[PDB]
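A look at the structure
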Amino acid sequence: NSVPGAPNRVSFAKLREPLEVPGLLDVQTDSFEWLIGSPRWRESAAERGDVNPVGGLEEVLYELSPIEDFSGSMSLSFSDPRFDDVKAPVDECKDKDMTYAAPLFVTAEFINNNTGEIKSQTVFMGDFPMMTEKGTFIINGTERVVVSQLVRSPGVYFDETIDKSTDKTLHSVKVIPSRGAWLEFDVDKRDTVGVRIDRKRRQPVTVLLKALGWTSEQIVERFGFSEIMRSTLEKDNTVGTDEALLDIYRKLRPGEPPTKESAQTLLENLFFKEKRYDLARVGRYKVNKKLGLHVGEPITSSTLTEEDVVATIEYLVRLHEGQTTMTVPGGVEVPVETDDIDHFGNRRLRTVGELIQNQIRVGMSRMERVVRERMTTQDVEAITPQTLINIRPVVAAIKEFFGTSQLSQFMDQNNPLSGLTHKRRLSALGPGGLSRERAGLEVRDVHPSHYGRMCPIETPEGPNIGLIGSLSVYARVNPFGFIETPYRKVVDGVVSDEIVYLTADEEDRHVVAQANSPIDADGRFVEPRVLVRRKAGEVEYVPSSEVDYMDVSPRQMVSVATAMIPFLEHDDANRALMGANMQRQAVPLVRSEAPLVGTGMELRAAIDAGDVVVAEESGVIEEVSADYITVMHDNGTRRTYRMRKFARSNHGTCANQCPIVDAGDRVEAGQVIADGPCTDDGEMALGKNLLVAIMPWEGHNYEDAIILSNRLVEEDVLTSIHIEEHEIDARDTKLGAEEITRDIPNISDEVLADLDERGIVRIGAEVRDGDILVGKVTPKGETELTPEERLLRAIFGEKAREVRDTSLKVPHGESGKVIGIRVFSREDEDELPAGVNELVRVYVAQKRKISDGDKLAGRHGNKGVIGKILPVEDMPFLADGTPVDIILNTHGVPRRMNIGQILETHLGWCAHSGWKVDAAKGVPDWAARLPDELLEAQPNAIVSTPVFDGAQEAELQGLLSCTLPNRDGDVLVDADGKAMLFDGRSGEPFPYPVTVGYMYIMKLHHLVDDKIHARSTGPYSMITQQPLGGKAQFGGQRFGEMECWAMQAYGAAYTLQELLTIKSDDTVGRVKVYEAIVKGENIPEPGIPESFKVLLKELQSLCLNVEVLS
Amino acid sequence: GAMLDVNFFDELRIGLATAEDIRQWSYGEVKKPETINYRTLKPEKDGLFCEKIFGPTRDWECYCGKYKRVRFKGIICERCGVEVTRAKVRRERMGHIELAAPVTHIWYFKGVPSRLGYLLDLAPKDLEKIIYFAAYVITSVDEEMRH
Amino acid sequence: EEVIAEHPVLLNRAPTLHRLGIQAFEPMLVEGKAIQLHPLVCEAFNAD
Amino acid sequence: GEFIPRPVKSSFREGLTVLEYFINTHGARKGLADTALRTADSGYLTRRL
Amino acid sequence: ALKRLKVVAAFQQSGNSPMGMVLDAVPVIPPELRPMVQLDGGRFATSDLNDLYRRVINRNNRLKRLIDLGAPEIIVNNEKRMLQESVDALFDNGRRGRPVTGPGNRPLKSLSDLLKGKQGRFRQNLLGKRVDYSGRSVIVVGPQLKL
Amino acid sequence: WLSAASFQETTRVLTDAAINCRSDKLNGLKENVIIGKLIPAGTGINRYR
DNA sequence: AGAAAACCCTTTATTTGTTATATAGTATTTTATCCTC
DNA sequence: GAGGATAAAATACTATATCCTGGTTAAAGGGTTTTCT
RNA sequence: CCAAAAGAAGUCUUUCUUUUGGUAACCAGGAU
Ligand SMILES: [Zn+2]
C-alpha cells in the first residue's frame, strides 16, 4: 500500500484510516537510545520535552556524584558518559560467540577540599552491550530479548475495606515509594487515625504530627473539621515534641537508649534525606497530581515533605468523612476518591532502558560504597581517581542482568512472527512484580482501561493467562512509562484530523466514540446517537454533540498477531485467543505461499520483523545469486547484501533467505529485496492454501482429528527443514592436554571411517544415533607411581599414554546430513573461554514430511492432529476429478463459535476461482458500497478483509453467486457454497452437497518424531538406582501417585508390586527377570527397593534411630 | 531385627538416637575436610571419601595395591587398612564426626511448638539466648547451705 | 507379530483422575509413529 | 460479574462491533482463568480424600 | 499444662531418655549417596552436602585446636557458637537466620530438604517411580479397531 | 508414622514420632507400597493370595 | 637474591546495620487493657 | 492502686494437578610458591 | 552388560580362554 514494491492485494475496507501503523519495534529502540542518550532521542525530546533532556546514564551519574567523606575534605564526581564504536560487527559477534558491545568512558574528577588540587581522568567503565537495529541483544553469541515489565507506579493509594465486626467502612492509605520505606495511615474500627512507619504497630497520627514539630493547637486548628482527629488528639496521652520523638524511636529502634539528637535525625533520614528514600519523577508527579500541590513547578526533588504528609492525612480523614472534593492551601482542589490499582493510569511500564538503568544503579551503589571506604584507608596526595574506582561490581551487575533474569530471555525464533510478538510483550512477572503461583483472578482480568493499550485476546492459555500481554498496534509509551493511544478529536461535531495521544486518565475525563461510525464525507456523523465509552468504561448512547474524541481506526484494540486473523469478529474470544497464540508456533516450510484471503497486516509485520532484506538506497541491481545481491546506487557507490542460507534459529528451524529480484531490475529505498523464512514476496506466509471439505468421513476425523491427501506428501507441500547443533571443546585441565584426534583407544576402524584426517566427521556424511562426530581423548588421570612403570617413564622414557575417550556422539533419536562444521582453535588466536584450547561445532540437518500425529491448525483456533493420510484415489473429488486436500469434521464448528473459518472457506473459493459482478444494467444493490475494482477478479486473486472492517455476508453471498467456470463452462460450487462430491472409495455420489473451499492451514512445531519414545532397559540413576528420564538419555515413563491409586482401585496387587520393584530399583530383580525372560523361565519374586534403603540412611543421618524389627 | 533386610519385616520403629548409637553405626571418624586428590583422583585419608572408613572404590582392590584378587576376602590390609571387599559397601557404611563441644538438634529447639522449651519450661526467646551464647543460665543452686 | 499375540498392554493418560484412566488392550502393529486408540474409550480416558 | 445493561445485540453471523467484542472478552477471559485455576484445586482435594 | 504434659508424658512412658536432644557426635552419610562425579575437563559436580560437612569439620577442627592451645573464654565461646550454627545449617539450612549460600547466592540443600515437599524422597521416589518397558507417543483415532 | 510422614508436614511428623518412639505395623496400602510388599487389598489378601 | 605470574584457601561478616506484590488456614506466643479485690 | 485474666495482635508454619525439553554449573581477594632474571 | 588386543578350532567368520577399559540441582520455556 505504501511500500514501493508490495503486491497488489485488494481490500474490502469501507473506512479510511488517517494514521499509519507506527514502527512496530519502536518501544525497544526508543527506550534504549534514551538510556545511551543518542542525538536521535535528543531531537525527539526537543520536539516535546525540551525542558529537561537527560539520559539514563547521565541521571545515574548525577544522582551518584559527588561522593564525599564525613569530614567533607575530599570529593569524587562523574560526568559525560561516552561510548566508542562497537568492537566488531553483528555478524562476526554472532559467528564467533562474542558479545555485541561498546566501550564506555566517564570523566571522573577528584577534588581535595583543603588544597584545591583537582585531578581529572578518563575512567574505563567496562564494555556496554548495545542493542542492534532489530531490538535484540547479542550476549555470548546467542540473540536475546529484554521484555517490558508491568509494575505498580509509586504514589499514594486510598482504599476502603468493610469491617466484619462493626459493618463500618474502614479507609486506608499507602505511600509506596521507589526504593524507600512505607508509611500507612488508616482508620480502625474505633474512630482513631493510626500510622505504621516502616512496618511497626499502629500509633496515633498525633504522635507523628508532633514529632514533625506541630503543637496541639495547630493540629486542632487545621484538623478541626473531623471528630476522629479530635478524638485521637484527646486520647493521645503524648505532650511535647520530644516525647513524640522518643516514642517513635522506641517503636523503630529496638533496644537502644533513646536520645534527642538521634531521634531528631533518624526521622528526617528515613523520609526526608534523599539517600535512603526516593520517589523518582513518576512518583513525585503522581503525588502532586493526586493531591494537587505543585501544578506549576517542574519536578526536581524526589523526597517527601511535611506538606505531602499533612495533605495525605487530611485527604484520608475527609474521604472517611464522605466529602466530594478537597482543596489544599496553595494548591488547586482535587476530587476525593479511592484508587483502583489495576487501572492503566496506575500501572506503568518498565521498558528495556529502565531495567538496565536500575542494574547500573545498584552496580554504582556498590562501587561508591567501595570508593568511600577506600577513601579513608589511603593516605592523601597519593590518591588519584583511578585508585578509588573499582569497576568490577559494575560489570558484574550487567552480566548478572543479561545472563540471569526472567525478563532477559532467548529470542523466540520459531518463525518471524514469534520474534516480533516477543519484542512487543508486557509481562507482569519478574523481579519486582507479582508471581505466577501467588496471582489472584482480579489481576488476570481485562480492565476497561486496556482499550487501545493492551490486546485483550492474545495471552497465554496456561497458568500464565492474564499475567503476560502484548502491546496494541498504535500504542506508545510516554516518558513516565504510561501507555498512550491516538485519538481523533472532534470539534463542535466536526471530526478533525488532529491526532492526540491520551493516557488512561485523560481518556477517562472525556467521551470517546467509535471508529466504525457513519462519517458523512465531511466529518459529520449521520445520526445524533452513537455508541461511546463513558467514565468507568460505560457504554451508552450520547447525542452526537458531547462526543470529544473518536478512535483513529478499528483494529486499534488488537495486537499484531491478532490483526492477522480474517473475520475475527465472527469468532468468539476463546477460539481467537488460540488462533492468535498458534500462529507463532508455525514452522517455516521449504517453499512459502501467501494466503489468498489475508487482512493487509502481513506486509507490515513482515517488513518490521526484520527477517527480510530491504534495499537501503535506491538503485539498479548489478549481480544476483543465491548468496548475495549487488546494488549499484545512483551516485557511484555499490552495496553487496549477503544472505543467510540454511542457518539455524534458536529453536532449530531453517532460516533461509532468497532474492526476489533479477539482474536488471531497478529497486527503490525500502523495497523488499530478498525473502525470508516465512515470507512470500515480502508478506508473511506461515501456511498453505488447501482445498477443504467440511463433512464427517468414516470416523477418521473424529474428535478434532484430521484427514490429509497423499498429494501433500508427494509434492512436498508441508515439508520443513530442521537443523541441530552439537558442541565440544578441548580444555587444558590440571593434568593437561586434551586432544581432538582420530587415535581413540578401544575403537575399531569401521567406526572410524566417516572421520576425516584430524577427527571431525566429513561434511555430507549421514549419521545415526551413536555415531561419533568429533573424536576426542582426555588424560586417564590416576597418575600412579608404580615402581617399574614410574622408573621406565622417568629415565627410560616410557610414555604415559593415559587416555579416556570423551568423544562427541550424536544422541539418541537423531540423524541427518552433516551440513556444516565450525572449528575454533587457540593456534589462530581466536577468542575462546579461558582455559579452552579448541572448540568445534557440527550442524546436522533433517528434512521432515507431514505424517500421522503431526499437529496442524488454522487461523481461527481449529487445531487437531492428523488422523490419516489417504491415497489420492480414495478421497472425495469434484465433478471434474479434483480431489480435496483436507477434510474437517462438521461437529466441531457450530459448538465452538468460530464461524469465521466457514466464511474464510467461501471467500477462498471465490478468490481461487475468480469472479465478475455483471454490471450489465446497473450495479447490483449488494455491490453498491463494494469498492471499485472488486467487481471482477482473476483466478488466484489475493484479497484482504481487515480485522473489523471487511467483507459483509451479503457481499460474500453475491460474490458466490457470480464466479467463473474452470476450463469448460462448469460451475462446481453453487450459490450456497456447496458442491456435489463423489465417493472416491465406493464410487457413488454423496447424497447431499458438501461445503468446499480454500482454507489457509499451518503446520505447528509439535511433530511426532520428537514425541515418540520407548525403552526396554537402559541407563539408571546413581544415588537411587531408578531409570533416568528423557528421550536423549533413554529413561522410563513415570508411574506416579495417581497411577498407583488407579491400580489399587482396580485391585491389581501383583502388577503394582512388579512395577515398583523389578522394573524400577530392585537391583538384583532386574537382572534376574531379564535372564528369566531370555531363558524362558518363570519371572522371580521381587526383593526390596533401593530407594527405601536410601530413605533409611537419610533418616539415620538426621540422627534418628530407625530400625526394622522382626 | 533384620540388618540388611530380607523382607521379613513385622514393624518399623523410629526413635531418638544417642551418641553411643551414632558411634556404633560408624565405621570410622572423619577428621579432615578433604574429599579427593585432584591429580591421582583417589580419595584422601581421613577425609569425606576415605576408603578405610567407607570401603573400597574398586571391587577387591585395596588402597595400596597389595591385594587385587577375589581370593582375598574379609581381610583388612595391614598397610593401608582398607578392607578388601565389594565396592557396593560405600552405599551402606557411615562415619561420624566427634564434636569438641555439645550441640543441640534444631528439630527439637526451633520447630513450633519448641519441644525443649516444653520439656524444660523455657520460652523460646530466651532459650535461643542460652544456646547461642547470649546469656548465662543458673543450672544448680544449694538452697540450705544458702540459708 | 507372533510374540505380541494375546499379550495385554497397559495404556495410561495423565492426569489419572479415576480408575478408568488405565486400561489394558491387546496390541497390534500399525504403520506410523502414533498410537491408535478406539473411539469408544475417549470418554473414559477423557482424550481428545 | 454484574450484567452490562447495553447489551450485545449482534450475532456472530452478523459480526460483533469493536465495543461489543471488548465487553464480551471481559467475561470470556474470566471463564478461561477460572478453569486454569481450578485444575489444581481438584487434584489437591482428590489427594487429600 | 495440657500442652506441656504431652512431651513430658512422652519422655516419661518410654525407656528412652531426653538427652538425645543435645548431640556430642554427628553421623556422616555414605559417600555414594552424596557423590562427586568427574565431568569432562577436570571439573567435578559435588552433591552440596559435602560443602555443609566440610564447614562442620573445619569449625570443629579450629575449635579443637583453640582449646588445647589455651585461649580466653571469649574466643572459645565464639568458636563454639559458630560450630553450633554450622550443625544447624547442616540439618536444616535457613530455619534460623540467613541460609548458607553457595555459588551464585543460592542456598544449599540440607538434610531436611531431601525429605520435604513434592521434590522430597517420599513423594518423588517412594510413592512414584520411573519404570522400564515403557513408552509414549501421540494418540490418533482407531475406528477400525475392536474394543 | 510412615504414611503420615509421606502425606504432609514431614519434619513435624518425624520429630514427634521420634519423641514418642512410635512403631509402625505396616498394615496399610501406602506403607506396603513404600517398602515394596503386596498391598492388603484385592488380589493380595490371604483368601486369594 | 629479588620480582612477577601462577597456585591454595576462604567466604558471600552480619553493626550502636544494604531489601516491602498473596491468600487462606491454624496455632502459639505476646500484649494491653479491663475487671476485680 | 495492684494483680490477674481475658481479647487482640502479631509472628510462625503449611499447602497450592500431570507431563516434556533446553541452558548453566562462581567471583574475588589475600597470602604464598615457583620460576626467571 | 559392552568395546579393544592376543591365542586355539572350524567356517571363510562363529565359539572358548587371558588382559585393559568401562550423574545431579537450579532457572526458563511449552503441552494436555
Ligand atoms: Zn592394601
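Residues numbered from 1 in each chain as written, not as in the entry; some residues may be left out. Chains lettered and ligands numbered in written order. Part of a larger assembly, values for the part shown. Heavy atoms only, no water. Residues with missing side-chain atoms left out of burial classes, pairs and counts.

Per the deposited record, cryo-EM is how this structure was determined, to a resolution of 2.94 Å.

**With respect to the overall build of chain F**
This is how it is decided: Each helix is a run of H or I in the DSSP string that is no shorter than four residues. Each strand is a run of E no shorter than two, and both are numbered from the N terminus. In this scheme, a residue with accessible area under 20% of its type's maximum is buried, one over 50% is exposed, and one in between is partly exposed, where area comes from a 1.4 Å probe on protein chains only. Here the accessible surface of atoms and residues is derived via Shrake-Rupley with a 1.4 Å probe, and residues count as covered only by protein chains that are part of the display. Just so you know, the count uses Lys and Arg for positive and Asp and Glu for negative, and it drops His and the chain ends. In this description, the location of a charge corresponds to atom NZ of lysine, CZ of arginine, CG of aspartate or CD of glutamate.
In terms of regular secondary structure, chain F is built from 3 helices and 1 strand. Traced from its N-terminal end to its C-terminal end, chain F shows the element sequence α-α-β-α. Seen along its three principal axes, the alpha-carbon backbone of chain F occupies a region of about 40 × 20 × 15 Å. Taken over 49 residues, chain F has a buried fraction of 49%. As displayed, chain F offers around 2200 Å² of accessible surface, 47% of which is attributable to carbon and sulfur atoms. With 7 positive and 4 negative side-chain charges, chain F shows a separation of 11 Å between the mean positions of the two kinds.

**Some details on the interface of chain E and chain C**
To keep it simple, the criterion reads: Should any heavy atoms of two residues lie within 4.5 Å, those residues are counted as being in contact. By definition, the buried area sums, over both parts, the 1.4 Å-probe accessible area that each loses when the two are put together. A pairing counts as a salt bridge when a side-chain nitrogen of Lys or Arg comes within 4 Å of a carboxyl oxygen of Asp or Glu. Two N or O atoms count as a polar contact when they lie within 3.5 Å, although within protein this holds only if one can serve as hydrogen donor and the other as acceptor, and sequence-adjacent residues are included solely when both atoms are side-chain atoms.
The interface is formed by 11 residues belonging to chain E together with 13 residues belonging to chain C. Note on chain E versus chain C: buried area summed over both sides is about 1000 Å², and carbon and sulfur give 65% of it. Of all residues in chain E, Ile139, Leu145 and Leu147 of chain E give up the largest surface area on contact with chain C, accounting jointly for 50% of the area buried on that side. In this assembly, chain E and chain C are joined by 0 salt bridges. For the pair chain E and chain C, the number of links is 7 residue pairs in polar contact.

**Considerations on the protein's contact with DNA strand H**
What counts, and what does not: Distances are taken per atom, and a residue is near a molecule or strand as soon as one of its heavy atoms is within 4 Å of it.
Not every one of the 18 residues close to DNA strand H is listed here, only the nearest: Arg392 and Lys1031 of chain A together with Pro103, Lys118 and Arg130 of chain E. A share of 77% is what sugar and phosphate atoms reach among the atoms of DNA strand H within 4 Å of the protein. Between DNA strand H and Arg392 of chain A there is a distance of 2.8 Å, counted from a phosphate oxygen to a side-chain nitrogen or oxygen. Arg123 of chain E places a side-chain nitrogen or oxygen 3.2 Å from a phosphate oxygen of DNA strand H.

**So, the arrangement of the chains**
There are 11 pairs of chains in contact here; the most contacts are made by chains B and E. The two units chain B and chain D never meet; even their closest C-alpha atoms stay 24 Å apart. With no contact formed, the shortest span from any C-alpha in chain C to any C-alpha in chain F equals 14 Å.

**Some remarks on the coordination of the zinc ion**
All names here are of chain B. So the rule is basically this: Sites may look incomplete because water is not among the atoms; the donors themselves are N, O and S atoms within 2.8 Å of the metal, or within 3.2 Å for Na, K and Ca.
Coordination of the zinc ion by the protein comes from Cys62 (SG), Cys64 (SG), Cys77 (SG) and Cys80 (SG), over a distance range of 2.3 Å. Counting the intervening residues between successive donors of the zinc ion yields the motif C-x1-C-x12-C-x2-C. Within this pair, whereas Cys62 is found in the loop between helix 2 (51-54) and strand 3 (94-104), its partner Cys80 is found in the loop between helix 2 and strand 3, the two being separated by 18 residues in sequence. The exposure class of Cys62 is buried, given its relative accessible area of 8%.

**Here we look at the interface of chain B and chain E**
Each partner contributes residues to the interface: chain B has 46 residues there, and chain E has 46 residues. A combined buried area of about 4900 Å² lies between chain B and chain E, and 69% of that area is made up of carbon and sulfur atoms. Sorting the residues of chain B by area buried against chain E places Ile97, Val103 and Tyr132 of chain B first, and these three jointly supply 14% of that buried surface. For the interface between chain B and chain E, the tally reads 2 salt bridges.

**Notes on the pattern of salt bridges**
Residues and elements named next belong to chain A. Tallied over the full model, the rule gives 77 salt bridges over all chains. Here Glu727 ties to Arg841 by a salt bridge, and the two come within 3.1 Å at their closest N and O atoms. With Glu727 in strand 37 (residues 720-731) and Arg841 in strand 46 (residues 836-848), this residue pair connects regions lying 114 residues apart in the sequence. Between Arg742 and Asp749 there is a salt bridge, with its nearest N and O atoms 3.8 Å apart. Overall, the relative accessible area of 52% leaves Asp749 in the exposed class.

**Let's talk about the packing of aromatic side chains**
Aromatic ring pairs: the centre-centre distance and the angle between the two ring planes describe each pair. As a reminder of what qualifies: Whether two aromatic rings pair depends on their centres lying within 6.5 Å, for rings of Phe, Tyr and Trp, where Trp uses its six-membered ring; planes under 30 degrees apart make the pair stacked, over 60 edge-to-face, and the rest tilted.
For the structure on display, the rule yields 20 aromatic pairs over all chains. On the numbers, 6.5 Å between centres and 25° between planes, the contact of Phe223 of chain A with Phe225 of chain A is stacked. Aromatic pair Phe948 of chain A and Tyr21 of chain D: ring centres 5.6 Å apart, planes at 75°, arrangement edge-to-face. Here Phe948 of chain A is found in the loop between strand 50 (943-944) and helix 23 (953-961), whereas its partner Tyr21 of chain D is found in helix 1 (residues 18-48) on a different chain. The structure contains a cluster of three or more aromatic residues connected by ring pairs, namely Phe32, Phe137, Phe401 and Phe402 of chain A.

**Focus: the nonpolar core**
Put simply, the test is: Nonpolar cores are built from buried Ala, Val, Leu, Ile, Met, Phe, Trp, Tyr and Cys residues. Side-chain atoms within 4.5 Å join them into one set.
In this structure, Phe1092 of chain A, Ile97 of chain B together with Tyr53 of chain E are the most contacted members of the largest nonpolar core, which totals 78 residues. It is helix 3 (residues 73-91) of chain E that contributes the most residues to this core, 6 residues altogether. Apart from residues no more than four positions distant in its own chain, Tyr53 of chain E is found in contact with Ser1101 of chain A, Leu48 and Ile97 of chain B together with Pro27, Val28, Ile29, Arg34, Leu90 and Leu111 of chain E. Core analysis: the next-biggest nonpolar cluster, separate from the first, contains 53 residues, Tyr549, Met564 and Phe948 of chain A together with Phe22 of chain D among them.

**Describing the protein's contact with RNA strand I**
Neighbouring RNA strand I are 18 residues, the closest being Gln585, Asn746, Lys780 and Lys863 of chain A together with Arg13 of chain C. Put simply, 85% of the atoms of RNA strand I that lie within 4 Å of the protein are in sugar or phosphate. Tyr1020 of chain A places a polar main-chain atom, nitrogen or oxygen, 2.9 Å from a phosphate oxygen of RNA strand I. The contact in question runs from a sugar or linking oxygen of RNA strand I to an N or O atom on the side chain of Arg106 of chain E, over 3.0 Å.

**Some details on the side chain of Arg841 of chain A**
Of the residues examined, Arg841 of chain A reaches a relative accessible area of 6% and is grouped as buried. Within the structure, the side chain of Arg841 of chain A is placed 3.3 Å from the side chain of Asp97 of chain A, a separation counted as a polar contact.

**Regarding the pairing of strand 4 (residues 101-112) of chain A**
All names here are of chain A. Put simply, the rule is: Strands are treated as partners if at least two bridges between them are detected by DSSP.
In this structure, strand 3 (residues 74-83) lies alongside strand 4, joined through 8 bridges in antiparallel fashion. The partner of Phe83 across the bridge, within strand 4, is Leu104. As paired elements, strand 4 and strand 5 (residues 118-129) share 10 bridges and run antiparallel to each other. Within strand 5, the residue paired with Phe110 across the bridge is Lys119. Once strand 4 ends, the chain turns through 5 residues before running back antiparallel as strand 5, passing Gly116 with a positive phi of about 65°.

**Considerations on the pairing of strand 52 (residues 994-1003) of chain A**
Consecutive side chains of a regular strand alternate in pointing toward one face of the sheet and then the other. Residues and elements named next belong to chain A. Taken across its 10 residues, strand 52 has 10 buried, putting it largely inside the fold. Burial along strand 52 is two-sided: the face carrying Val994, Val996, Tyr998, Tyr1000 and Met1002 and the face carrying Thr995, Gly997, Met999, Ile1001 and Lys1003 are both buried. For strand 47 (residues 855-857) and strand 52, the ladder comprises 2 bridges, and the chain directions are antiparallel. Bridge pairing links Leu856 to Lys1003 in strand 52. Of the strand pairs in this sheet, strand 51 (residues 978-979) and strand 52 are connected by 2 bridges, and their pairing is antiparallel. Paired with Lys978 across the two strands is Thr995, which belongs to strand 52.

**Points about the side chain of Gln149 of chain A**
Residue and element names in this part refer to chain A. Within the fold, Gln149 resides in strand 8 (residues 148-152). Overall, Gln149 belongs to the buried group, its relative accessible area being 1%. For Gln149, the contacting residues outside a window of four places in its chain are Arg348, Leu349, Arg350, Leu355, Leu407, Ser427, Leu429, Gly430, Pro431, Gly432 and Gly433.

**Quick word on the environment of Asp84 of chain A**
All names here are of chain A. Structurally, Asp84 can be placed in the loop between strand 3 and helix 4 (90-95). Put simply, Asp84 and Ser405 are 321 residues apart on the chain and 27 Å apart in space, counted from C-alpha to C-alpha. Contact partners of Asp84, with chain neighbours within four places excluded, come to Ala102, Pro103 and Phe105.

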